[PDB]
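Q: Pasting a structure below so you can have a look.
We did not get these values from a lab; they are worked out from the coordinates using the rules stated. Note: ideal-geometry Cβ built from the backbone for every residue, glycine included; neighbour counts use all protein chains shown.
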RNA sequence: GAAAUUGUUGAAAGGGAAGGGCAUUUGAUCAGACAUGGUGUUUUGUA
RNA sequence: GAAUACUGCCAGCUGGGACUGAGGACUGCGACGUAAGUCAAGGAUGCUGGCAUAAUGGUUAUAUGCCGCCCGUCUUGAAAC
RNA sequence: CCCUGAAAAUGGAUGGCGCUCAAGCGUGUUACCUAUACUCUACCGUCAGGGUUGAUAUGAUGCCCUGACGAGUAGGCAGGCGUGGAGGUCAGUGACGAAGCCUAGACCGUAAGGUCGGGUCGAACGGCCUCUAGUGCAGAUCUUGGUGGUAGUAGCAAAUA
RNA sequence: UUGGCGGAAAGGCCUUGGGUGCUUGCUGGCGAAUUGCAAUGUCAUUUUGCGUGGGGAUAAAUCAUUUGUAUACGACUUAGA
Ligand SMILES: [Mg+2]
Ligand SMILES: [Mg+2]
Ligand SMILES: [Mg+2]
Ligand SMILES: [Mg+2]
Ligand SMILES: [Mg+2]
Ligand SMILES: [Mg+2]
Ligand SMILES: [Mg+2]
Ligand SMILES: [Mg+2]
Ligand SMILES: [Mg+2]
Ligand SMILES: [Mg+2]
Ligand SMILES: [Mg+2]
Ligand SMILES: [Mg+2]
Ligand SMILES: [Mg+2]
Ligand SMILES: [Mg+2]
Ligand SMILES: [Mg+2]
Ligand SMILES: [Mg+2]
Ligand SMILES: [Mg+2]
Ligand SMILES: [Mg+2]
Ligand SMILES: [Mg+2]
Ligand SMILES: [Mg+2]
Ligand SMILES: [Mg+2]
Ligand SMILES: [Mg+2]
Ligand SMILES: [Mg+2]
Ligand SMILES: [Mg+2]
Ligand SMILES: [Mg+2]
Ligand SMILES: [Mg+2]
Ligand SMILES: [Mg+2]
Ligand SMILES: [Mg+2]
Ligand SMILES: [Mg+2]
Ligand SMILES: [Mg+2]
Ligand SMILES: [Mg+2]
Ligand SMILES: [Mg+2]
């Protein structure tokens, strides 16, 4: 149902993990660059982790595309959803986490009427 | 609001493709494949069965008969890339293969709603095979041991080298 | 060198078979009983 | 017939490799009865199936197949390079593999 | 560098396969006689063969013709360099030097 | 927790060489076993097929005192109390069987193979 | 090409044979080697004896029980010469070594199976005439192998019994040759001769 | 009511470390695509 | 009096294998034909089959092949005893 | 070429194995293996040179065409991610559950990070344009607080019982 | 089913008689299809459990006590219906 697009290519699926995040607990996994003088990671020795850099940039025609083929958009109320009336083929709505269950019902009902795809049509559903 | 807005939206209109310049022309099939040669099936249900080649069909395929009376391979369609053309030649003049075409074989795929696990043949396919092969076997019966040769199944042994083998 | 077979005597004294038990006092003392049954025929299982 | 084999036997030797670096995307295959590249030149383009057995049931069988083709010869002894849809698990070094006769050329 | 005297065939292969002009400080493939017309029409050059003729026969406008061509980007030889070791003179069985007329064999491999 | 302790022949039952007789722990444990059994009796359990289904021990807050070392230095001297909890349960017979039906999807060529095999056989 | 391969070690070179064998193990071919006491080593006997003695001296200083073990059996000497030829510290190597069995003399059932030789590792086809060579069995006893006499005894028994097998085999094949000779000069044979059989 | 640290339960591996990088096997686990408009009324609530 | 070897040229013909299909109404350069028009001419199309489900794929654990020294710092030089 | 000349301390190193018309030495001819190198293609970014006000529809700091290039400590510059608080806006979210916390569950970005599902939770919080700073931690024998291995270990032995 | 040989890891080899299915040594008759143009198209062995109905036999070790040819504790050596 989405707009046709070329094949999705990422060139790197593995998340870039901070060096020694697996060794010391206080070293969080969020990527920081190693600024050490004799750090093998900074010197790019063979057999070590690969640093993030611009060469891994994804295709512009593919950037920000969900595997379904849409661009994710965050919606908070009914009025917000109407901004996607004419852009169903490119954008998909997604209810914010802080939306009440009752307000989620009216959001999903409106989206179905207008054919707007919803990425998470299961949040806070009582069944 | 949660996410403010995108200032520009991509166009919803789909664009037409460019004028492709890839025309279609028939194959230049290998000279070893001659109507009336004996072939070997390298794949499928009837793999390894020595068979006879009849006609080059329009959808890049070869019309093939067993004969069905000898070994049990009926009138069937194959692809030239999965068979081996032997040096044995069968004179196939005097048989009407022009009746057979790409539309002569259809599958009539069933609807996905109807799914069967318990489980037939067309009468015309039976008689078409019966007419053709009985005309052929009048010719196979000339060369000695070839009738048994078609009934046999091809198989590699120890020591054989296909790069040095002859067919 | 490897041992291939062992041939025992038909009867064993009480003291010798006590070597085969770590607790002789609470035991059925069934040492070589079925091996004794290998005897009572002339030479079938032994002379062979 | 007592023999139903329609493929030639092969042994997966190793990945493409230097002393210290190997490339799993390319595999080296030894074909029985081939000792020179000229003979191996006939075997290019053929299909290669690796047949292994698995405990869990998938889709009607215990047998799962790795499909691949040869690409070019290798060395002066008739070894050839082969690539697969998914690279061989590197545990199959020396495992027997099947090389078929299609797409045929004769 | 390894250098020698090229043949008519070798220069023909180079310009046809790897022929690039320096148009407005850009490396534009030739691929058509019109490009040569626009940039080399002043010096009587109209076709790609005109460029070849000015090259093999060193003409009055060889400097402009040669400088117009972008430097050739060649691959490693297909059959190899033919010698175990390169960086000694060709007379020593090496690679560099003035291999006077054997360069035709090399450049064809190089292209 | 058995580093640098002695050995005993009574550990052969458990295939181990290091065993002890912690009377203080044993007294507390069996105290809870009596309490649990009494609770089981109140709930109306048969008191004959019960087994210790769950039991765990985890650390409790320390109780610190002071010890006196050489050269007028002070070191910690505390206890290691425990929270002990256990659940008894009646032993049951075989639980259940008849797991999922294991639905299967067959290819068209697999379908023909079974049909041919069933046709040539009975 | 074969389930297992039985190599007759007599007249071979320990180094050249090992390289041939080692590659076969890495390729997945099961190998068993018999009569390891007739492997030959290029060089004179005293030359190789000194080499082994120099190998003896190398041991762990502080504990000789964990140093390089100096095996003395002819098969084991070959095994060490082969073990260093394979990356034995990897799981691939360990599986590779597991496919190999080195034997002294010709043991049971492998005695009833056909043995093969490696032409490129044979002494006669590799050594220039006039060069001196050694016999592994002689060397092994000079450095501590104890069982030279028993293997010589058993191989004497094995060779004797094998003689009647061939004597029966040769006599039977003579009948086959006579029958085939009579069966020739027939129509059936003529096509085989015509078709090359 | 987080982390260091610990207990129980469950899964997995373990021949003088463990941890990591590339690729894949195996196991476990996970999303989407499968209505499209349409021929069309073999139709019910007749549009 | 020829042949053949070696070297070089062909805007000579042809078989086999591998990877890539980027771009997206037309425009340009061409070629084939008297023309219509066609074409391998400024980037792939056509026919057919299976599945539509964890099948492909992602994540994670493990195994295998190969590689992989502990970080920060001073220093010409750090894994540093 | 080889041998004598040629003696040092843990056991030992043409890298190891091993290698005698060699797997050694001198020389020649090919074939073959492979680097983040060279040739070609795709994509990312940067730089440079160009086209495009015309109505309609968005972004003229927008879109598009072509070529070349991409290592890097100390250092310089630019574009961005995030935190506390301030002005403005979304008549934003929220007791039908905000914030916070856990999650080998999912999505997006090369990344800083952003979003959702699921469990606990009970009272406030966010998106965008700007303003402002006591704004981002692994190290400093850092400060305070808490917790480990060592480890049920050293040990609890002067003063007769 | 008859007997012989084989102890290096024998665990196999040879042999008697009869019965049995097949035999493409040679000549005949029928079936094959639809798995639809290929998708290993599944045919081997490794172990264990649970059921059958058919044979077969009804132990020991450790703790505890004891000994001292032993000993830090373990361990060893003893003894006890
Ligand atoms: Mg950490
Ligand atoms: Mg440095
Ligand atoms: Mg090459
Ligand atoms: Mg070189
Ligand atoms: Mg200890
Ligand atoms: Mg102590
Ligand atoms: Mg004190
Ligand atoms: Mg004091
Ligand atoms: Mg509380
Ligand atoms: Mg914790
Ligand atoms: Mg240990
Ligand atoms: Mg020539
Ligand atoms: Mg999966
Ligand atoms: Mg996959
Ligand atoms: Mg996986
Ligand atoms: Mg891991
Ligand atoms: Mg390493
Ligand atoms: Mg210094
Ligand atoms: Mg040091
Ligand atoms: Mg000297
Ligand atoms: Mg070497
Ligand atoms: Mg040489
Ligand atoms: Mg490469
Ligand atoms: Mg966690
Ligand atoms: Mg909440
Ligand atoms: Mg309150
Ligand atoms: Mg500060
Ligand atoms: Mg800190
Ligand atoms: Mg720091
Ligand atoms: Mg500190
Ligand atoms: Mg103590
Ligand atoms: Mg004291």
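Q: Which pairs have Cβ atoms under 7 Å, sit 6 or more apart or on different chains, and link a residue in segment E:68-86 that is more than 12 Å from residue E:111 (Cα to Cα) to one that is assigned to a loop (DSSP other than H, G, I, E, B) and more than 16 Å from ligand 7 (Cβ to nearest atom)?
A: Here the result reads E:81/E:95; E:83/E:93; E:83/E:94; E:83/E:95; E:85/E:94; E:86/E:94; E:86/E:95, each pair linking segment E:68-86 to a residue that is assigned to a loop (DSSP other than H, G, I, E, B) and more than 16 Å from ligand 7 (Cβ to nearest atom).
Q: For segment D:1-14, indicate whether the set of residues that are over 30 Å from residue B:152 (Cβ atoms), under 10 Å from the mean Cα position of the chain (by Cα) and more than 14 Å from chain G (Cβ to nearest Cβ) is non-empty.
A: Within segment D:1-14, none of the residues are over 30 Å from residue B:152 (Cβ atoms), under 10 Å from the mean Cα position of the chain (by Cα) and more than 14 Å from chain G (Cβ to nearest Cβ).
Q: Still on this structure: Can you tell me which residues in segment A:72-97 are in contact with a strand residue (DSSP E or B) (Cβ under 7 Å, 6 or more places away or on another chain) and either surrounded by 17 or more Cβ atoms within 10 Å (Cβ to Cβ) or at the interface with chain B (Cβ under 8 Å from one of its Cβ atoms) (or both)?
A: A:73, A:74, A:75, A:81, A:84, A:90, A:91, A:92, A:93, A:94, A:95, A:96
Q: For segment F:40-54, does any single residue satisfy the condition of being loosely packed, with under 10 Cβ neighbours inside 10 Å and either closer than 30 Å to residue D:62 by Cβ or within 16 Å of ligand 7 (Cβ to nearest atom) (or both)?
A: Checked against the condition, which is being loosely packed, with under 10 Cβ neighbours inside 10 Å and either closer than 30 Å to residue D:62 by Cβ or within 16 Å of ligand 7 (Cβ to nearest atom) (or both), segment F:40-54 yields no hits at all.
Q: Also: When the residues of segment G:82-104 are filtered to those that are assigned to a loop (DSSP other than H, G, I, E, B) and within 13 Å of residue G:24 (Cα to Cα), which remaining residue is nearest to RNA strand I (Cβ to nearest atom)?
A: G:86
Q: Can you pull out every residue in segment E:53-80 that is surrounded by 15 or more Cβ atoms within 10 Å (Cβ to Cβ) and away from RNA strand I (no atom under 15 Å from the Cβ)?
A: E:54, E:59, E:61, E:64, E:65, E:68, E:69, E:70
Q: Here is a further query. If we scan segment G:74-92, do we find a residue that is within 14 Å of RNA strand J (Cβ to nearest atom), farther than 21 Å from residue G:120 by Cβ and within 14 Å of another protein chain (Cβ to nearest Cβ)?
A: yes
Q: Considering only residues that are within 12 Å of RNA strand H (Cβ to nearest atom) and closer than 30 Å to residue D:60 by Cβ, look in segment F:57-106 and name the one that is farthest from the chain's Cα centre (by Cα).
A: F:102
Q: Next up: List the pairs whose first member sits in segment B:99-122 and is closer than 18 Å to residue F:115 by Cβ, whose second member is surrounded by 10 or more Cβ atoms within 10 Å (Cβ to Cβ), and whose Cβ atoms are under 9 Å apart, counting only residues at least 6 apart or on separate chains?
A: Hits for this filter: B:117/F:106; B:117/F:111; B:119/F:115.
Table: residues versus (1) over 17 Å from residue B:132 (Cβ atoms); (2) surrounded by fewer than 17 Cβ atoms within 10 Å (Cβ to Cβ); (3) more than 11 Å from every other protein chain (Cβ to nearest Cβ).
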position	(1), (2), (3)
B:39	no, no, no
B:51	no, no, yes
B:62	no, no, yes
B:76	no, no, yes
B:88	yes, yes, yes
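Q: Kindly list the number of the only condition in (1) within 16 Å of ligand 4 (Cβ to nearest atom); (2) under 13 Å from the mean Cα position of the chain (by Cα) that fails for residue E:92.
A: Every condition holds for residue E:92 apart from (2).
Q: Take the residues in segment B:10-35 that are touching a helix residue (DSSP H, G or I) at 6+ places or on another chain (Cβ under 9 Å) and more than 19 Å from residue B:162 (Cα to Cα); name whichever of them is farthest from the other protein chains (Cβ to nearest Cβ).
A: Once the filter is applied, the top-ranked residue is B:27.
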